[PDB]
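Please read the structure below before turning to the comments.
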Amino acid sequence: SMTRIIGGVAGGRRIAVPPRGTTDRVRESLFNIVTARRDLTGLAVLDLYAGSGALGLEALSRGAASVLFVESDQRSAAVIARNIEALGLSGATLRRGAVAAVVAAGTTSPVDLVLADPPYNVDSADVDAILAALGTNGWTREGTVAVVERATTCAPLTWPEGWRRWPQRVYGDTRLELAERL
């Protein structure tokens with residue numbers, strides 16, 4: 001199936017989606033809220049469990065300087081690559097590997113925005129551990145925003161550390177949790 005980039009320079013561009021997660025309103029609203037509050041121009045972005053890459057690609061469309069897509073499924077990785085090609089925007093790097101393992105090994109270059117849409121088989125308590133790791137392993141700096149998209153049937157997250165939560169949103173059967181690093 002296909003969806004569309006909502007906004008920015010590539011707004012309206014079709015992108016492929018891998019074997020179903022299983023919205024426009026969630027993605028539209030996510031970027032509404034983030035950009036309401038942060039200028040995306042020049043920002044570094046991490047897109048975890050990227051799947052189709054729709055989130056990080058939306059960020060790139062809206063002027064992010066770079067997006068690292070992290071995705072474990074090789075067919076999903078292929079879709080992300082095809083989608084980066086379709087958008088034709090610079091700044092995208094694709095890292096195909098186990099997402100928690102990549103996050104574990106850490107980085108020396110923080111990002112400004114973390115987007116994560118973890119699949120149903122990923123327990124919220126394990127996502128909690130990833131959120132801790134983002135703080136401690138070089139992925140974030142003061143002011144980094146994290147957004148996680150989960151089905152409402154999933155247990156809510158436990159934010160670590162010096163994270164300040166933004167108001168929680170629900171759209172249909174999807175919950176968005178957002179917070180920024182203190």
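Heads up: numbering here begins at 1 and tracks the sequence. Scope of the values below: all heavy atoms of this structure, side chains included, with no hydrogens, waters or symmetry mates.
- In this structure, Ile5 CD1 and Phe31 CZ are separated by 8.5 Å, a value rounded to the nearest 0.5 Å.
- Under 4.0 Å is where a charged nitrogen must lie from a carboxylate oxygen, and between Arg141 and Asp112 at least one such pair does.
- The salt bridge (charged side-chain N to carboxylate O under 4.0 Å, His left out) analysis of residues 29-39, with sequence neighbours excluded, yields the pairs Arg38-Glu180.
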Atom pairs and distances, donor-acceptor, side-chain atoms in residues 11-21, under 3.5 Å, two or more places apart:
residue, atom, partner, partner atom, Å
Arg13, NE, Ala86, O, 3.1
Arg20, NE, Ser1, OG, 3.4

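- The closest side-chain heavy-atom distance from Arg150 to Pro118 is below 4.5 Å.
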**Prompt:** Between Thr93 and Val67, is a side-chain contact (heavy atoms from CB on, under 4.5 Å) present by the stated rule, with each step listed?
**Reply:** CA-CA 6 Å; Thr93 291; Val67 179; over 6 Å; no
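- Residues that satisfy the side chain to side chain contact (heavy atoms under 4.5 Å, CB included) test with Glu161, not counting sequence neighbours, are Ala132, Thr136, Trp163, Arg181.
- Under the 4.5 Å side-chain criterion, counting only non-hydrogen atoms from C-beta, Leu87 is not in contact with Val9.
- Using a distance-only test at 3.5 Å, with no hydrogens or angles considered, a donor-acceptor pair links the side chain of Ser61 to the main chain of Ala10.
- One distance of note links CG of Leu60 with OG of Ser90; it measures 6.5 Å at 0.5 Å rounding.
- Considering only heavy atoms from C-beta on, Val102 stays 4.5 Å or farther from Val99 through its side chain.
- Between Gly135 and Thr140, the shortest heavy-atom distance links the atoms CA-OG1, 3.4 Å.
- Residues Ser76 and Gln74 fail the side-chain proximity criterion, which asks for heavy atoms closer than 4.5 Å.
- Contact detail for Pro167 and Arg169: the closest heavy-atom pair is O-NH1, 2.6 Å.
- Side-chain contact check for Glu177 and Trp166: no donor-acceptor pair (N or O, by modelled atom type) lies under 3.5 Å.
- The CG atom of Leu131 sits 11.0 Å away from atom CG of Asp126, with the distance rounded to the nearest 0.5 Å.
- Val148 and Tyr171 sit in two unconnected hydrophobic clusters of ILVMFWY residues. Membership requires side-chain heavy atoms under 4.5 Å apart, directly or through other members.
- For the residue pair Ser124 and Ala155, the shortest heavy atom distance occurs at OG-O, 2.5 Å.
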**Prompt:** Between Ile84 and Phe69, does a side-chain contact (heavy atoms from CB on, under 4.5 Å) hold up when you go through it step by step?
**Reply:** CA-CA 10 Å; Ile84 290 164; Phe69 301 92; 4.2 Å; yes
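- Atom CZ of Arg82 has more than 12 heavy atoms from other residues, nucleotides or ligands within 6.0 Å.
- In this structure, a donor-acceptor pair under 3.5 Å is present between the side chains of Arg27 and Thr3.
- Proximity of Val45 to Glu58: side-chain heavy atoms (C-beta onward) are nowhere separated by under 4.5 Å.
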**Request:** Test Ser72 against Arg96 for side-chain hydrogen bond (donor to acceptor under 3.5 Å, both in side chains), laying out the working first.
**Result:** CA-CA 5 Å; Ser72 67; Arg96 194 271 298 185; over 6 Å; no
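- Counting only distance, with no hydrogens or angles, the side chain of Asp128 and the backbone of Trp159 share no donor-acceptor pair below 3.5 Å.
- Cluster membership for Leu89 and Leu55, using ILVMFWY side-chain heavy atoms within less than 4.5 angstrom, is shared.
- Rounded to the nearest 0.5 Å, atoms CG (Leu43) and OG1 (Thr41) are 8.0 Å apart.
- Linking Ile, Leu, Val, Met, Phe, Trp and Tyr whenever their side-chain heavy atoms come within less than 4.5 Å leaves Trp139 and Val145 in two separate clusters.
- In the model, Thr152 has no side-chain atom that pairs as donor or acceptor with a side-chain atom of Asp173 under 3.5 Å.
- One distance of note links CG of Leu157 with CG of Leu178; it measures 10.5 Å at 0.5 Å rounding.
- Side-chain N or O atoms of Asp117 include none that pairs as donor or acceptor with a backbone N or O of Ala50 at under 3.5 Å.
- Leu57 and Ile6 end up in different hydrophobic clusters when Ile, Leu, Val, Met, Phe, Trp and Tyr side chains are linked at under 4.5 Å.
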**Prompt:** Do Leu40 and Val34 pass the side-chain contact (heavy atoms from CB on, under 4.5 Å) test, and can you show the C-alpha distance, the side-chain angles, and the key distance before you say yes or no?
**Reply:** CA-CA 9 Å; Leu40 265 30; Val34 164; 3.8 Å; yes
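- Residues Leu134 and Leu46 have side chains in contact (heavy-atom distance under 4.5 Å, counting atoms from C-beta outward).
- No path of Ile, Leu, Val, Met, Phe, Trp and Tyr side chains, each step under 4.5 Å between heavy atoms, connects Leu176 with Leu48, placing them in separate hydrophobic clusters.
- With hydrogens and angles ignored, the 3.5 Å screen pairs a side-chain donor or acceptor of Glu71 with a backbone N or O of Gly51.
- The structure places OG1 of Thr144 at 11.0 Å from CG of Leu182, a figure rounded to the nearest 0.5 Å.
- Put simply, the side chain of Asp47 does not reach to within 4.5 Å of the side chain of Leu68, judged on heavy atoms.
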